[PDB]
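Engineer: Take a look at the following structure, please.
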Amino acid sequence: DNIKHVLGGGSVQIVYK
Amino acid sequence: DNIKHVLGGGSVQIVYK
Amino acid sequence: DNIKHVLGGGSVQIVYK
Amino acid sequence: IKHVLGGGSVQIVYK
Amino acid sequence: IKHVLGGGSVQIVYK
Amino acid sequence: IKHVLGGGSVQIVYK
Amino acid sequence: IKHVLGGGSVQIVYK
Amino acid sequence: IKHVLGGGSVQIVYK
Amino acid sequence: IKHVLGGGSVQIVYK
Amino acid sequence: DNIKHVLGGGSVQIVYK
Amino acid sequence: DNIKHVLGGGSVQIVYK
Amino acid sequence: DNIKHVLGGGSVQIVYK
């Protein structure tokens with residue numbers, strides 16, 4: 001349920017988890 | 001359920017999870 | 001349930017967790 | 001992992 | 001991880 | 001982590 | 001100039 | 001100039 | 001100049 | 001020699017001018 | 001010697017001008 | 001010698017001008 005290493009103009013959403 | 005190494009202008013969504 | 005290394009213009013949302 | 005370089009990204013979802 | 005360089009990002013979701 | 005350099009980011013969600 | 005949507009761009013010069 | 005939506009950009013010059 | 005939305009930008013010059 | 005309407009993630013990098 | 005309407009993920013990269 | 005309407009992820013990199 002974790003996230004790691006969001007870099008380099010990276011984008012993440014996970015709407016409605 | 002985890003995400004790793006989202007770089008290089010990368011984008012992920014996972015809507016309605 | 002943790003997050004690590006959000007850099008490089010990184011953005012994370014996780015609505016409705 | 002080394003020397004990664006890229007542009008933007010666009011994604012749209014309608015509900 | 002080294003020399004990573006990139007641009008922006010755009011993402012939109014309606015509900 | 002080294003020499004990482006990037007731009008902005010845009011993300012919008014309506015409900 | 002109407003409804004334009006696009007991605008990134010990469011371009012390099014070595015001298 | 002209307003509904004324009006785009007990503008990033010990368011450009012480099014070495015001299 | 002209407003509904004314009006965009007990401008970052010990276011641009012470098014070495015001299 | 002002017003500039004106008006630099007928006008929408010716009011970037012100008014004039015050098016040696 | 002002008003430029004107009006650089007949009008839509010466009011990039012102009014003039015050098016040595 | 002002007003520039004106008006640099007939008008939509010637009011980037012201009014005039015050098016040596």
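The chains in the structure tokens are called A, B, ... from first to last as shown; in each chain the residues are counted from 1, and the ligands are counted from 1 in the order shown.
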Counting only C-alpha atoms, what is within 8 Å of residue 1 (chain G), bar same-chain residues fewer than 3 positions away, as a PyMOL selection string?
Structural biologist: (chain G and resi 4) or (chain H and resi 1-2+4) or (chain K and resi 5+7)
Engineer: Those same residues, written as a compact mmCIF listing (two decimals), in the first residue's frame with N, CA, C and O atoms?
Structural biologist:
```txt
# COMPACT_ATOMS: atom_id res chain seq x y z
N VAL G 4 -6.25 22.52 -28.41
CA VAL G 4 -4.93 21.93 -28.61
C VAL G 4 -4.49 21.21 -27.35
O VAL G 4 -4.57 21.76 -26.24
N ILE H 1 -5.06 29.27 -28.14
CA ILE H 1 -5.33 30.23 -27.07
C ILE H 1 -6.62 29.87 -26.35
O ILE H 1 -7.07 30.60 -25.46
N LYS H 2 -7.23 28.75 -26.73
CA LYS H 2 -8.44 28.25 -26.09
C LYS H 2 -8.29 26.76 -25.83
O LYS H 2 -7.92 26.01 -26.74
N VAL H 4 -6.08 25.13 -24.43
CA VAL H 4 -4.74 24.61 -24.64
C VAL H 4 -4.27 23.91 -23.38
O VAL H 4 -4.28 24.50 -22.29
N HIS K 5 2.80 32.05 -31.70
CA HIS K 5 1.95 30.88 -31.46
C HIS K 5 2.78 29.60 -31.34
O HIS K 5 2.67 28.67 -32.14
N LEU K 7 2.73 26.74 -29.21
CA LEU K 7 1.88 26.06 -28.25
C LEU K 7 1.86 24.57 -28.57
O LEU K 7 2.65 24.08 -29.38
```
Engineer: Show which residues sit within 12 Å of residue 3 (chain J), as a ChimeraX atom specification. Count only C-alpha atoms, and ignore same-chain residues fewer than 2 positions away.
Structural biologist: /J:1,5-7,10-14 /K:2-4 /L:1-6,12
Engineer: Kindly assemble as CSV a list of the chain I residues that lie within 10 Å of chain A, each paired with its nearest atom pair and their distance in Å to one decimal, using only C-alpha atoms, sorted first by chain and then by ascending residue number.
Structural biologist:
```
residue,atom,partner,partner_atom,distance
I:7,CA,A:9,CA,9.2
I:8,CA,A:9,CA,8.4
I:9,CA,A:9,CA,10.0
```
Engineer: Have a look at CA of residue 11 (chain G) and CA of residue 13 (chain H) and let me know their distance in Å, one decimal.
Structural biologist: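 Computing the Euclidean distance for CA of residue 11 (chain G) and CA of residue 13 (chain H) yields 8.8 Å.
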Engineer: Extract the full set of strand (DSSP E) residues from chain D according to DSSP on the backbone, and format it as an MDAnalysis selection string.
Structural biologist: chainID D and resid 5:6 10:13
